[PDB]
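Before any questions on how it binds or moves, here is one chain, the form deposited in one PDB entry, in structure tokens.
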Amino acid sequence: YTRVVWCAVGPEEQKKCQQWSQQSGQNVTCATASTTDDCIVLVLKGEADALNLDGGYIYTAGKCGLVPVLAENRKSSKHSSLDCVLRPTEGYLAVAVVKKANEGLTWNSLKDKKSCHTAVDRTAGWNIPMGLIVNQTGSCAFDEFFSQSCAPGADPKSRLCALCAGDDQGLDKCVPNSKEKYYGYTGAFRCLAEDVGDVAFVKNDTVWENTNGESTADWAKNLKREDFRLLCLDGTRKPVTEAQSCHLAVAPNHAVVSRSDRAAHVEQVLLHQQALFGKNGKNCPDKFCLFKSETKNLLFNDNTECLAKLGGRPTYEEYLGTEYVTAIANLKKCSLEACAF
């Protein structure tokens, strides 16, 4: 069975996958789709095997019978004795980030401001912050809360796409893939950094990874951590060093998913692939590294140390947690089960 078809979202992930495919000697091959939802459909049809998904998409996929297989694990201070593959995941902090210079902007004065989101349906970029805002406003009109947004995946003619820029040539405005300039963790943070939006909904790590010389990308070169503040739910503003006390939620890590009938085979292949191309893999620095793509988080987040086994062989609901699962269900009432395709 020993060949896995990975699903790449957009042309840049396709290019990375092709390299991985070459280096793996066709042990992995590539299918490509324009959106994550389209990739999920390829997996269901059996035309692709697997892809790595943010928590919000794991919810979509899980309702259609796809299962979590292995999880992204990043570096941590705690649980250091265990190998990365066997270490429990910790989850990431969803934060709301503003410019320090934008004084007196707090959680409570976000209405009618300009927002930057990773993509519709994603954990930190959409589900957590819009879930909170629906609950707080008692209204399903989340599309009228911000004056203008970039929320890749919304209607390109709506105000939710008004701030998105598209590609080099201005094509593909608001597509939920990396062709969109302001897509993803990095894109949404860039939307703030360039003062297109007033607030970005990303995760803690994104801020650290794109400031104080960590990035070297032309837009991120001169970004200083101190020029940013986190918005806390209590109306306060804190330095980005204080994320542990000023986040919107903790999110389940991104995770590889597959059709249940393929899970065991995808898992075995991926474990061998990471021994070759993972963090201290045989072939990484030298030939190819799975978990690098110049800050662009292609296929996997660049800060991934390894893919970890799950343990408790969880269902998608157990993986996401009852906490997160009810948040999503409640928000989804604005836009009670089956598969959405």
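Start at 1 and count along the sequence shown; that's the residue number. Rigid core: the largest C-alpha set superposing within 1.5 Å between the two forms.
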Rigid core superposition result in 9 other deposited structures of this protein, more deviant of 79 to 87, 242 to 250 by Cα: 79 to 87
More shifted region, core-based fit in 9 other deposited structures of this protein, 294 to 302 vs 33 to 41 by CA: 294 to 302
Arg3 preceded by how many uncoordinated deposited residues after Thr2: none
Stretch with the higher entry mean CA B-factor, where the candidates are 146 to 154 and 101 to 109: 101 to 109
Given 192 to 200 and 79 to 87, the range whose Cα B-factors average higher in the PDB entry: 79 to 87
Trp219, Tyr183, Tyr92, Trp208, ranked by C-alpha B-factor: the highest one: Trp219
Top residue by Cα temperature factor, when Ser258, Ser139, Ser178, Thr123 are compared in the entry: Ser139
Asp302 - Cα temperature factor, lowest/middle/highest third of chain: middle
B-factor third for the C-alpha atom of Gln169 within its chain: highest
Ranked C-alpha temperature factor of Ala275 among modelled chain residues, by third: highest
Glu13 - Cα temperature factor, lowest/middle/highest third of chain: lowest
Ranked against its chain, the third holding the CA B-factor of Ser215: highest
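The form solved in complex with a partner chain exists for this protein as well; it is not shown, and the discussion that follows is about that form.
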Proximity to its partner chain in the deposited bound form, single hit among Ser293, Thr60, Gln274, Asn303 (heavy atom within 4.5 Å): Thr60
Its partner chain in the deposited bound form: contacted by all of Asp37, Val41 and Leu44, heavy atom 4.5 Å: yes
4.5 angstroms heavy atom contact with its partner chain in the deposited bound form for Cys289: no
Partner contact for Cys284 in the deposited bound form: its partner chain, 4.5 angstroms, heavy atom: no
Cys64: touches its partner chain in the deposited bound form, heavy atom cutoff 4.5 angstroms: yes
